[PDB]
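Heads up, the thing below is written out as structure tokens.
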Amino acid sequence: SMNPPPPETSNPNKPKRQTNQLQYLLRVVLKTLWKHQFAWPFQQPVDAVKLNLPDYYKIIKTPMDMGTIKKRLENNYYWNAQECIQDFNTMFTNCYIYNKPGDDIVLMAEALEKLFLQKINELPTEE
Ligand SMILES: CCOc1cc(C(=O)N2CCC(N3CCN(C)CC3)CC2)ccc1Nc1ncc2c(n1)N(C1CCCC1)c1ccccc1C(=O)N2C
Ligand SMILES: CCOc1cc(C(=O)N2CCC(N3CCN(C)CC3)CC2)ccc1Nc1ncc2c(n1)N(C1CCCC1)c1ccccc1C(=O)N2C
Ligand SMILES: CCOc1cc(C(=O)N2CCC(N3CCN(C)CC3)CC2)ccc1Nc1ncc2c(n1)N(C1CCCC1)c1ccccc1C(=O)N2C
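Written out as structure tokens, the structure is:
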């Protein structure tokens, strides 16, 4: 049918702060996941029209992708790291909800999720 608009990435009304955990999410976590061999399906919103997936946004009501996460980090959209971590987790969960277990895209998401969790384990202390 029609794609929804992409998620909001800037909000001038939200308060802003720069923290070492948010800097780490952008400069280490997002950077490492972006370069992974399986990252390319997750680098932009699902274009359900072009990909012939008419029921995608009937099922997935909280879409998320790493292009949006990158922009949110750049625009200081997040006040804390947990908000950004939730967005990565939403991205993976959407893939698991929509696709059959064991599909190619699920294996790709599972590999990215494993790497993501390894990097979140090394999240620096707030300081
Ligand atoms: C920016 C580029 O975008 C994409 C491009 C191409 C592409 O090169 N061609 C080539 C082969 C084509 N033929 C048609 C006949 N056919 C039986 C075989 C394939 C299709 C179009 C494919 C998928 C893309 N983009 C995507 N974005 C999120 C997802 C996503 N694909 N996959 C795929 C990525 C690789 C494995 C699955 C999903 C596919 C279906 C449902 C959900 C999801 C999903 O969850 N995600 C996250
Ligand atoms: C947009 C759709 O995308 C793909 C679809 C399918 C597919 O049949 N499903 C998967 C989705 C299934 N749903 C899941 C949700 N549920 C509710 C309903 C059921 C239905 C059927 C397979 C591969 C895809 N996407 C792809 N994108 C680039 C590549 C690519 N496949 N191929 C294959 C395309 C055909 C030959 C090989 C590659 C495979 C391995 C390595 C590289 C490449 C490669 O080079 N390219 C360019
Ligand atoms: C070197 C092996 O290679 C692959 C193997 C297999 C595989 O299990 N077979 C196939 C061979 C079978 N023999 C052959 C004859 N013999 C006598 C008996 C056994 C056994 C079973 C699947 C995909 C492969 N190769 C791949 N190359 C890039 C990509 C890629 N798969 N994935 C998948 C890998 C895991 C996650 C998804 C992609 C899939 C769809 C779209 C894009 C991409 C993508 O982005 N990349 C980077």
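The letter at position 116 of the sequence shown is residue 157 when you use PDB author numbering, and the numbering goes up by one with no holes.
We treat Cβ as the ideally placed atom computed from N, Cα and C, and that holds for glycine.
Contact check, residue i vs residue j, beta carbons under 8 Å
i	j	result
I126	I161	yes
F83	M43	no
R113	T50	yes
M107	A89	no
Residue range of the alpha helix (DSSP H) that includes residue i
i	result
residue 38	Absent from the model: residue 38. The displayed extent of the chain is 42 to 168, so no value can be given.
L74	72-75
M149	145-162
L63	61-65
Residue nearest to residue i in terms of C-alpha spacing, selected from the options
i	options	result
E168	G108, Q64, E49, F129	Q64
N121	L164, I138, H77	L164
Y118	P48, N52, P46	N52
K155	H77, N61, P56	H77
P104	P142, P86, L92, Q62	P86
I138	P46, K111, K99	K99
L158	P56, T109, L66	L66
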